[PDB]
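Presented as structure tokens, the chain that follows is alone, the form deposited in one PDB entry.
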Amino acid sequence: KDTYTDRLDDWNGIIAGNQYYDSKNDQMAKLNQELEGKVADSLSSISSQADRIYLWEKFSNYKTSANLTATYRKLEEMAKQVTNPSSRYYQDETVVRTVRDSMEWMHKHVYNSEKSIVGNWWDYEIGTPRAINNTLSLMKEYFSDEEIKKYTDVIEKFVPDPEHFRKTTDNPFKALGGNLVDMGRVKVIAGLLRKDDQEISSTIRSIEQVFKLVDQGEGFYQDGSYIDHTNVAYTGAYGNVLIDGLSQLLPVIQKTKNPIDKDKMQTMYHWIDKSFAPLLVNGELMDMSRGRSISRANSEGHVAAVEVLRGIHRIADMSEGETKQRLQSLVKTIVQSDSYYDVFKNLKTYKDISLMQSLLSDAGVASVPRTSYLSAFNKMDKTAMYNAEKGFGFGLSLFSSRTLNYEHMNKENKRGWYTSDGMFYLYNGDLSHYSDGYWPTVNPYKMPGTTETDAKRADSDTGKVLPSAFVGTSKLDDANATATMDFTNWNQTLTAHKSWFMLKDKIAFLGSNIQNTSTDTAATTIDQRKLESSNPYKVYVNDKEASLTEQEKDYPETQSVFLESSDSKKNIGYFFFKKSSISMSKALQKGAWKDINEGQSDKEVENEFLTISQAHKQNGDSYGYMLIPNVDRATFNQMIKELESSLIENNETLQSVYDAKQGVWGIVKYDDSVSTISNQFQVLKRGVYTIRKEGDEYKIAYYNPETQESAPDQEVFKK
């Protein structure tokens, strides 16, 4: 036909990839079989109505916008198979007619220009328009240009401006990040289908906004942080959509009359290296960056990581030289380190499957274990740490006056209340820990690392920002960093100076100035670990075996707790600097995804959890322990003797831990007094410090979380 048809061909090759199908290809045949099964269920349940109320009973209530998108996506699946020579529905007359009559019908009494948004705007402006564009693009050889325009006009009505969304509403918003990229998958493709040049260029010009790094608001930051929805850490969900979608569009956009400059897109590599890579551990995308996505059963950590990975791979594929090789190496190593999730379970197009296969089999592409790293995403109040030598990841989830604690929207993530109240994540040998139903079964009132009262919480509640701006991480190098959070709980009835000292192969948790003005009880959850019935843990308290029950047992005068597995890479030890009074329990916890996300299944799910907590019955209480993972029993026992005097101070104004072996100090100061440390030096400014001594020279890393600035050494360090 023309260049528009040419671009749409490229698009079809990216969103479906039928030209790349090979029946002898196992992974490919598996996706084909899934699509076959999907079309057969749709065609068999579609109402052979005499013009009935709906096309599919399951998606009948057209008041629930979700049903418009689900319906058109079923037609897209049909379009994918009708153009697949290997599908039993290839060129099938009844499927071609079902798709054509279904479009005329939906366009008749459900989705048209004379309609208004009912329910979610996203379905009307992104979900449905994408499914329609894809359906028409794939089956453009069965539709007339006039029919195509006819079926896309409704998209032009709901989405006429490539710069704003919710345009037909009373309060539209500027499109950026993930939503802006979907604006390209909506208007660039519809523009191609309609052969509308102004639409194409105006939309590509708008998408280019996505390449600019920001220092405020939504978007990617220089330090690797990604914020969306005003002030929510969102690299792992909206960022996913951003890279996933942009990578599909680029090859098509780059072949139109409005290609995008090569230096404008150079920031893509910054996202990959600074924003995405640090959040990927053993093939898992850290949940602290996925917002409300965590409450979706079909998008657990390893699954969400493939959206990013397939996006990175595409980018690598259209790159060249060492950039291509290096990105290739990045994707290869991450995928191969994932022994838990089969990457192919989330590569939904033949070209994506093909790319992955050749990548994994090309001996020319290096696949070397990733090195140690520590990212202080201070612009989104999150910190990611990875130790390659011992093999564990650590995630610190916080929030402040600059960021929302959790997102509960569209009935999703109803109980994420405390997922940012100083919650921590440990990524060890059990790659499935935060998967297999962790979210719907974890007790939402006892999120690991958090200090909270036992007051009941409502599902209808929504996120809040923190009163204090004193939240931040001072990074010294790839293995050492210190963080603090001037914590106040949701109803301002409890406070705590929570601090963390990341010291290469361990993390110290310090909390002081714990006050409670309410009548509820306060306690800090040391941990709530999801167990594997296959790899049971042998629990020790003070080095003596302990038998945990469903009922809470008290362990006063506890100096240590050790969780021993047959696999040392799953071991977790906790060393209490000062004998502490803790309680522990191991109980089967049940729940359903629908409990935390209305749109999910109410099918019962269950998992065994080991919970460790320390109550705080008096004002001015505190806690202090070192988390030491991946070492065996004897090594842990030897290490706690070494750390005997690692606690320097832990009060209302000063918290510090010293790593004698490393010669590294972690310090948090809440005021400007002169603090003398280990009779060696003095720190003089309120803020966060990570200091290392090398001979008589001192390496200083200082960060004032409030002003988001460091300071000349002579201002904060002395002697």
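Note that residue numbering begins at 1 and tracks the sequence as displayed.
The question of which stretch, 415 to 423 or 190 to 198, has the higher mean Cα B factor is settled in favour of 190 to 198.
Judged by mean Cα B factor in the deposited record, 526 to 534 ranks above the other of 395 to 403 and 526 to 534.
By the numbers in the PDB entry, the CA B factor is greatest at 549 among 372, 480, 451, 549. The PDB entry gives the largest Cα B-factor of the residues 446, 115, 433, 310 to 115. Per-chain ranking of the deposited C-alpha B factor places residue 300 in the lowest third. Residue-level temperature factors show residue 688 in the lowest third of its chain, judged at the C-alpha atom. In this PDB entry, residue 321 carries a Cα temperature factor that places it within the highest third of its chain's modelled residues. When all modelled residues of the chain are sorted by CA temperature factor, residue 177 is found within the middle third. Annotation for residue 348: CA B-factor lies in the middle third of the chain's modelled residues.
If you look for the form deposited in another entry, you will not find it shown, but the lines that follow are about it.
Annotated hinge between the shown form and the other one: 248, selected from 248, 378, 623, 292 as the site between the two rigid parts.
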